[PDB]
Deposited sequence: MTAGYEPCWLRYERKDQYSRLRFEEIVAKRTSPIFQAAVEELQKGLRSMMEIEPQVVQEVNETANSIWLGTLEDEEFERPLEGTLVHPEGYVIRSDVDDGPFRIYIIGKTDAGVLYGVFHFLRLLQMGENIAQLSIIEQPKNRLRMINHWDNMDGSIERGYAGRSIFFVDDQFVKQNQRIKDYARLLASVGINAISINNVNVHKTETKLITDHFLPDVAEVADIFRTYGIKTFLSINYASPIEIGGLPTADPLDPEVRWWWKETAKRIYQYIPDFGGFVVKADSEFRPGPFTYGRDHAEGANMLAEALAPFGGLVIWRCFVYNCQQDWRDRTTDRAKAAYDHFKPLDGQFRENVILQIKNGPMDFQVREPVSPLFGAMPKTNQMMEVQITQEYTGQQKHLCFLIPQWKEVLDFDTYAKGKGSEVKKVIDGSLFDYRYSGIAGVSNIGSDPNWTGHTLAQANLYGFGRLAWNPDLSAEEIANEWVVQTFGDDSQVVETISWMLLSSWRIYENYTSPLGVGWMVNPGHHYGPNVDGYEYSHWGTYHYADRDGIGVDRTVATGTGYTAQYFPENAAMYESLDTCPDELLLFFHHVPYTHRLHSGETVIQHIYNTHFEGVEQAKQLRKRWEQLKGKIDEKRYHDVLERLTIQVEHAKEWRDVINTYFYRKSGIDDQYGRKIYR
């Protein structure tokens, strides 16, 4: 019913086989069993071999050995340097052929088996392996925005694979868990952060048996299960008159709820919480702050080892567009930075990559680096809400690396975002990264076949943010489409270029938005320009942009450390790609590229469509080297992309010609 994605395990030719007779499985835990089963599956599919699974080595057999450090006869120095529980070593014996996959814990053996299979899919020579791998981020999580009626909020890839008709739908969940574990993902929240009436009951006896069955499957693949919760649950399901976190009976209700969940799911991860945001209830309803609110839940989960993931996407969703001094981009920092040092140690603040809302380009959220005493994790959006909704191609890995590599200068040079969220800069006990899932029930999982690369690459970056976009794309393409060099170079080029192409024909120079309200797909320059969501570009007949300077604007630049604040504050040094996020400028202002702002708009919108046409041409040149079904699936979306790009180009160019009166330098067609 559905694609294997990158775990194709395509049969090798006769010149690319391996000789093994046994798999030595030193443990029989559910994770070890999963790891053995995956190894058997990949070796049968790729190599046409069926080695016997044994618990003790045969010293004359060719073997793959699976074990932790304490299972080793001799513990050699490389695996001796492992410190992270999920780390592993893979090494070929240099003496029969033996591969040792040595994990610090059972999950390290599982990740090591997926790495060894990845090497095989990629055609690597395994005769002399010596590999050590340890993840950089402790939490590597997926958030689902699935509802129990089967819809998915901002889902562009079909219906929920978890829920239908206000109930739970499992073989597809197992295959999903395999995909997640193959790229190291170790945590999942299964339900929408906007928790509606049925979903509120996921923390009650009526649904916990079902939650536990799903948690059982994920546990076997090293994945902890979380639920998103309704902060007002003590009222809605617990029959209490209030949800105030300082009310003693509320506090007790949450403690009892925690105890009940852990009876069904003894390793339950904890709660994801959207509170006091977009009309979802929270501590503010009772005049409480978010440390009081998060700490109350944290205290309920603490005896059991659970975490509270408290989202920082908090802002005034009833902003007056007339009020130019109120800045939504400042809201998260202003709410949370004063609370540093007030949170319990099992609270993690989860902060989106940018301060507004997953736009095609945003600067980095100032909260990263600003709270040395509070755990932080970053949230990115794998589902392409503002980045083309899986109709347009948009490989998000280059954007995420720009965010991860941004130096906050919080402790001087070398204070990159990735060091904040991996916990090393400030010694966070719990931290990491989360991604909003792009999957659904479509047979290709992600709507656009090539959007499988975004789920893959999310997991790779969460494991090691220092991996290049180039090598992630290479890994993904080879595993998914094979090793023909034209196919690999072409699809890698398509992926690596796609975000810039989509940006070119959507909103200019960092200002964001210019999307249709509601569904958020397609061009509408004034879509939210007189609305109450704080998302304005202030275009008039003379110029455009948000003045976020301290000197004359909202003062948002001051939320950065001095080196970045100065860069953005000055009109002359602010990078072109963010100019209109930080400055209000005339259409005739000249950018670092030499272009005026208005001619930049025309250039990128005309040229963006030409680039989209080239994406499609380059894919067509692969006909015959890709199976027809995926060839045509992708070609259909690239054609949709080209036609919609023309709409983006002409709507934006006409809007700005109608406002600026300045023609295209080159005389190209503006309606």
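Quiz item: Could you give the ranges of the deposited sequence that carry no C-alpha coordinates?
Solution: Gaps vs deposited seq, in order: 1-3, 99-100, 175-176, 679.
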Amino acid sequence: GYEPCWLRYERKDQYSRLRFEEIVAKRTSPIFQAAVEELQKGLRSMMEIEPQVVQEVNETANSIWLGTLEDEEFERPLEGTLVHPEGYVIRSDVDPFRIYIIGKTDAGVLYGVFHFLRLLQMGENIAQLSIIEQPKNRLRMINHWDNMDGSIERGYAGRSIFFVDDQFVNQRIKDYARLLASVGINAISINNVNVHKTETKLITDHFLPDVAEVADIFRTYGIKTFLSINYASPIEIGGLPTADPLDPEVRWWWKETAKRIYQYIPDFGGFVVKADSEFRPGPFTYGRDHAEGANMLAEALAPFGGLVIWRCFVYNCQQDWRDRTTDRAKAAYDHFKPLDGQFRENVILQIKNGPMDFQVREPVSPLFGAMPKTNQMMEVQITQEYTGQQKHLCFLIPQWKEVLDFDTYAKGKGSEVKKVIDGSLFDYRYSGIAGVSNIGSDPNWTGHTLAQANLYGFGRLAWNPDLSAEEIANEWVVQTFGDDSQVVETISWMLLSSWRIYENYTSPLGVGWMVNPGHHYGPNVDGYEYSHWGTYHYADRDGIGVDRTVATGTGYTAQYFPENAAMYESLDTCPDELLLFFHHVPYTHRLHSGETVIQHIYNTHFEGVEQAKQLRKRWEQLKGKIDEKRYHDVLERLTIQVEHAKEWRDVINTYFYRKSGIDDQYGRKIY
From here on, numbers count along this sequence of modelled residues.
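Quiz item: Where do the C-alpha atoms have the higher mean temperature factor in this entry, in 601-609 or in 40-48?
Solution: The deposited B-factors put 40-48 ahead on the C-alpha mean.
Quiz item: Looking at the entry, does 538-546 or 485-493 show the higher mean C-alpha B-factor?
Solution: Stretch with the higher mean C-alpha B-factor: 485-493.
Exercise. Tell me, please, which of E379, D210, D407, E153 has the highest C-alpha B factor according to the deposited entry?
Key: Most elevated C-alpha B-factor of the set, per the entry: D210.
Practice problem: Specify which of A300, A127, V403, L455 carries the largest Cα B factor in the deposited PDB entry. | Solution: Across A300, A127, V403, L455, the entry lists the biggest C-alpha B-factor for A127.
Quiz prompt | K617 by Cα B-factor - lowest, middle or highest third of the modelled chain | solution = Tercile = highest for this residue's CA B-factor.
Exercise. State the tercile, meaning the lowest, middle or highest third, of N474 with respect to the CA B-factors recorded for its chain.
Key: Its C-alpha B-factor, which the entry lists for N474, ranks in the middle third among residues of this chain.
Exercise. Could you look up the Cα B-factor of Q641 in the entry and say which third of the chain it sits in: lowest, middle or highest?
Key: For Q641, whose C-alpha B-factor we compare with every modelled residue in the chain, the answer is the lowest third.
Exercise. Quick one: classify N564 as lowest, middle or highest third of the chain based on its Cα B-factor.
Key: Middle third, going by the recorded CA B-factors of the chain.
Exercise. Sort the modelled residues of this chain by their C-alpha B factor and say whether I64 lands in the lowest, middle or highest third.
Key: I64: CA B-factor falls in the lowest third of its chain.
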